[PDB]
Protein chains: 4
Amino acid sequence: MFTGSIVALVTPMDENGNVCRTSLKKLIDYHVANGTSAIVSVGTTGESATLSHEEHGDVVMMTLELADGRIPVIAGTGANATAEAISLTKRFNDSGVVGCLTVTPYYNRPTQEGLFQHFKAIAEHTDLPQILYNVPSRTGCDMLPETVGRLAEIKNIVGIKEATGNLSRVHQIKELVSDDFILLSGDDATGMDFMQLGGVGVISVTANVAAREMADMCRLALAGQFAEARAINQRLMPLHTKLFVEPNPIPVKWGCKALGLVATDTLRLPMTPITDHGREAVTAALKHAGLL
Amino acid sequence: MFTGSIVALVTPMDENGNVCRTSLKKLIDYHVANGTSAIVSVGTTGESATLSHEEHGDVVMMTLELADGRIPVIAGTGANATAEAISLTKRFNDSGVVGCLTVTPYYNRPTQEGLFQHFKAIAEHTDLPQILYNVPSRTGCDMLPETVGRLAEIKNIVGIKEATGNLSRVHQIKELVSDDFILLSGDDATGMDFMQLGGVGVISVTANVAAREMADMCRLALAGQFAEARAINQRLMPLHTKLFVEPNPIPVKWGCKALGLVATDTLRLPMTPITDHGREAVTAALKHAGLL
Amino acid sequence: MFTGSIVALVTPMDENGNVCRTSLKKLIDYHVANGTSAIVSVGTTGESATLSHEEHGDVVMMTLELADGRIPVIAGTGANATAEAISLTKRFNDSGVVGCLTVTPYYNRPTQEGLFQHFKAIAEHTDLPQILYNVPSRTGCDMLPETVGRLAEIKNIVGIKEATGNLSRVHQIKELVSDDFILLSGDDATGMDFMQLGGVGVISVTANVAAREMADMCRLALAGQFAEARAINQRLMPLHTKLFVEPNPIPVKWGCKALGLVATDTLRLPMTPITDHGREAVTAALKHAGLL
Amino acid sequence: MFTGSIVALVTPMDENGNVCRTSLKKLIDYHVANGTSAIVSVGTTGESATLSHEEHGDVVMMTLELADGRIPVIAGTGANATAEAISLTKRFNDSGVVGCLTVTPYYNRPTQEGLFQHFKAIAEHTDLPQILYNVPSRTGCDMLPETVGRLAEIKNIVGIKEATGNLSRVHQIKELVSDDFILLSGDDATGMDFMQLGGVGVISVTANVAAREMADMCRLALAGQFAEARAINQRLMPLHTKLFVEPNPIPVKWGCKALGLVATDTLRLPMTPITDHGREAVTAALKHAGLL
Ligand SMILES: [Cl-]
Ligand SMILES: [Cl-]
Ligand SMILES: [Cl-]
Ligand SMILES: [Cl-]
Ligand SMILES: [Cl-]
Ligand SMILES: [Cl-]
Ligand SMILES: [Cl-]
Ligand SMILES: [Cl-]
Ligand SMILES: [Cl-]
Ligand SMILES: [Cl-]
Ligand SMILES: [Cl-]
Ligand SMILES: [Cl-]
């Protein structure tokens, strides 16, 4: 279930920055039709930072309702306060999600023992499988493999989205966890390499605009057909790069609009509409992938 | 008013993580007695991350009440959502605070134009002076001198707490702003250097445990007595270093406890109590400064 | 020929810093007996910096003589002046070496076009296969995959020792070169990962003290036995780490002494004898690998 | 003598990469006429890496002959082998130079104790004042303030060219050395800040094309006229930046040609002629400074 191409889904908004149900329906039908394994709802790519807990809950429950059992949903439940993370966790108990994606606390920079106490306390308040999420570029906190090893001993801590692009982390973590602990890439440009080294999938920004290609690449990689997977990776590499020409998710929301998947690429401040330079880059990348 | 030694005040807590009014009274009395210019209430050092908006308001209001006009109070009002920053800003308008300290959005990594629109929107919803706060190690976002320069043209944006320790930024910023724009260090180990280059004070962690020494150093630096100011700096340099032996504010909360200023050095998860290694380092630094 | 475990051989010295022929004989006999694919003579690990061109020539020629056709020898020929690199290259033409290992110019930081002209000029003054060597931590110069791709089109430039530990570079380079172009790890702690991604061996420091284990790991990796190769990698990981506890080759020269392979671990200034802290770390790593 | 604007002089070359005496005469007459305090001959800016010891000696002795006692000369004597550094040091004993500029060993990355033994051994073989030179971006080795402190106890180790642009090093070093130890900037963009913090001059790339302005800025800074010095610094800041648009000394040699100070901007491989983009940047910077 937590293998293959998992999309970190955009939260589509109207002109006013309010969630657009018509666009969210189009996105979810697209993922159902194009082999996406699961949807991560309100991760970083889904603008977790600018949605209230109430709006956050509403987006996850709308995603579940529109999925209609056709595709599993994972709830973004990260917070930099343990109390707040437990609150989000309890909100999604018996919601219908299959698990939670929970980021390392950002801004306050806990110690590794702080990370252990944070995720242990969260895991205690749910039966839902927990996927840890390390992205030190954004958080200022790097959860080291030793800490991942310690947390992997807790029953419902089942995996990690490793977003560093540091490919030595795959076997550094595998050495300290059981064989069924799930390793997922959170870095699109190194996802293929990550899976070649033994990772079992990607939680992907690229999947938003290249669902079929990402699903195919992950299937081929998991089957050990690395040459065939890499030919797809090379078609997608301009997207893997240029979807971060401006901070995620500014480029990918314009990408979704360019493909007619969303009505508008509106984001909530402080995130801003894509620049002309950014738009030109994403256009070229989409064309290279044969999608425009 | 925004000059000299400004303390980034700890939020003292009991064993259960509730704010300790008895300890907060002792802290405020200590700053009034020892020459501190102003108090920043609920900044990074004040555990802004793990307080609710409601608890955040209560700590600022309790700080104003106990200060009783004896020392000015600046509200921490930072948020990574523009709507949330505006709501925090409105909560403190007409409260009695003299200004706001507002950090660059963390985790979501806006563009420089995003930072411009963020702080512009905040400045438009207040009468209060706004001090920008740049700490990319924690936020993943570096507000560049060019952007500070653009924001300095907005009426209510009056200065910046520059915490990078990049001392080139003093004159890179001064070159782009009026002589009236306030430059304050947010990096204790380079605060003396920052003032010698033309900065007009420090928003200080070290001031929590060495208020008199920091007030004297800033006074002598502003008076051009660099030799005398630097002799105090050398007495404090072990504190400037070792108060970050673990992530701020883990060490400084233990330091306040060791000096009898707070009853407990309890923090809120995910922040954790100081390690034995940390305790020994802070003990040695306090003794070096002649404070234990 | 340029596959498997290739040792970056130490230049053994007596107490006066003169090359020890008795120790060099023991080292070469050890590599022949323990499956090493080839010897790099006077690379970084061989103290290229502190040997004269004349002493450099003598060490390579003595290595060829003692090898006596039993194991191929690659000459270190790197220099930060193109004229000097050509002169070194000419010194080893018709010597009996099978190829040259030529580092990116250090200290003077040429452009990518400068690197192109440097290695093009060297390649034009030789019949010998050339292995590029990229180690920006030491040189201040990072040869990018694009530049490797341009150089790979020159007849005598046959591969690269990529020492960054950036595992993304395996397929970034492979994408721009023929299947014949040789990719070798120059980073011992990521060498196993590098081979699993499609690298065909390692130019190794660890091979100096664990020749049999490194030969077995590279053989199993090239055969696709990743699980068995990784079990050897885990036995060696303390060596892969602790052989850089002080700058290479300070630790590995002590390691060779501890195993009886050299009489003294003397280096030439400015390189210094291992510290007690370093000696203890290398002792513990050798014992972990079952070699003491 | 080792105060004010010291030029790190370019080594002017004809089309063949041979030293041009006519151009070297023009350069030295220019520095004599425009207030330059001293000439550093065959530093990094003088292409130390691509000149043989013989050619190196010839450039320093030609610089002395053309100076004709009108301006002091400091010899570049750095090498990454202690033996080689002693050889260069002995070459300039009783040459007529007033001192030596000696860089931290590059590429081989000695320990701090290695740096101490290197510079101690060099200082023993001369009566000439030695100026240490820290530029870790180029060398891969960072000489820390504690090491500078230890070396400052040796009689003829008299100062340091600190090229990091880390302005906290000024008082970190001053705290550990006597008041007469000489601190010079090796980073043009932070030279003014460095002198404001107590540095006594610059060993400058910018001085090659803006000798009069750099001499004036250093005189005003040393006299405590910081506002007047900074107005000159702002006129020069495009040069301080764009003279590193490509690695030094590629831009500054074109700059010297553009001002008619040298016949050609030829460099020795692997250094390359300035790109069109580079030329446009240096042109704009020279115009901003009012020099074209
Ligand atoms: Cl909800
Ligand atoms: Cl990251
Ligand atoms: Cl990597
Ligand atoms: Cl690929
Ligand atoms: Cl910072
Ligand atoms: Cl100081
Ligand atoms: Cl490297
Ligand atoms: Cl492994
Ligand atoms: Cl000479
Ligand atoms: Cl540097
Ligand atoms: Cl700095
Ligand atoms: Cl300035």
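In the text below, chain A, chain B and the rest are named by the order of the sequence lines, each starting its count at 1.
- Using a 3.5 Å distance cut-off with no hydrogens or angles, the side chains of A:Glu162 and A:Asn134 do pair a donor with an acceptor.
- With a 4.5 angstrom heavy-atom cutoff, B:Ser52 does not touch chain A via any of its atoms.
- Using a 4.5 Å heavy-atom cut-off against chain B, the contacting residues of residues 80-91 of chain A are A:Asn80, A:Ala81, A:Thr82.
- Both the backbone and the side chain of B:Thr139 come within less than 4.5 Å of a heavy atom of chain A.
- Interface residue A:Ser48: only side-chain heavy atoms are found under 4.5 Å from chain B.
- With chain A as partner, the option from B:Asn108, B:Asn248, B:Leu51 having the largest number of non-hydrogen pairs under 4.5 angstrom is B:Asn108.
- Look at A:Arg268 and A:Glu47 and you find no salt bridge, because none of the NZ, NE, NH1 or NH2 atoms lies under 4.0 Å from a carboxylate O.
- Crowding of A:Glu124 atom CD: a count of heavy atoms from other residues, nucleotides or ligands under 6.0 Å exceeding 12.
- With respect to chain B, the highest number of heavy-atom pairs below 4.5 Å among A:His118, A:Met271, A:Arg138 belongs to A:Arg138.
- A 6.0 Å sphere centred on CG of A:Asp127 holds no more than 12 heavy atoms belonging to other residues, nucleotides or ligands.
- Of all the listed residues (B:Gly140, B:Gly114, B:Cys141), the one sharing the greatest number of non-hydrogen pairs under 4.5 Å with chain A is B:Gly114.
- Here OG1 of B:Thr63 is found 10.5 Å from CG of B:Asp58. Values are rounded to the nearest 0.5 Å.
- Of the charged side-chain nitrogens involved, at least one lies within less than 4.0 Å of a carboxylate oxygen, so that A:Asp142 and A:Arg169 count as a salt-bridged pair.
- Heavy atoms of B:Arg109 lying under 4.5 Å from chain A belong to its backbone as well as its side chain.
- We find that B:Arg279 and B:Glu246 are not joined by a salt bridge, their nearest charged nitrogen and carboxylate oxygen being 4.0 Å or further apart.
- Per-residue heavy-atom pair counts under 4.5 Å with chain B were compared for A:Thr272, A:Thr275, A:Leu115, and the maximum is reached by A:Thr272.
- Residues B:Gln112 and B:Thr147 bring a donor and an acceptor atom of their side chains to less than 3.5 Å of each other.
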**OP:** Under the salt bridge (charged side-chain N to carboxylate O under 4.0 Å, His left out) rule, what do A:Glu113 and A:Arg150 come out as? Steps first, then yes or no, please.
**Re:** CA-CA 10 Å; A:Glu113 181 59 26; A:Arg150 293 183 63 206; 2.9 Å; yes
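- Every residue was checked against the ring pair (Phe, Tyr, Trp, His ring centres under 6.0 Å) condition with B:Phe116, not counting sequence neighbours, and none meets it.
- Proximity to chain A is absent for every atom of B:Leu267, based on heavy atoms less than 4.5 angstrom apart.
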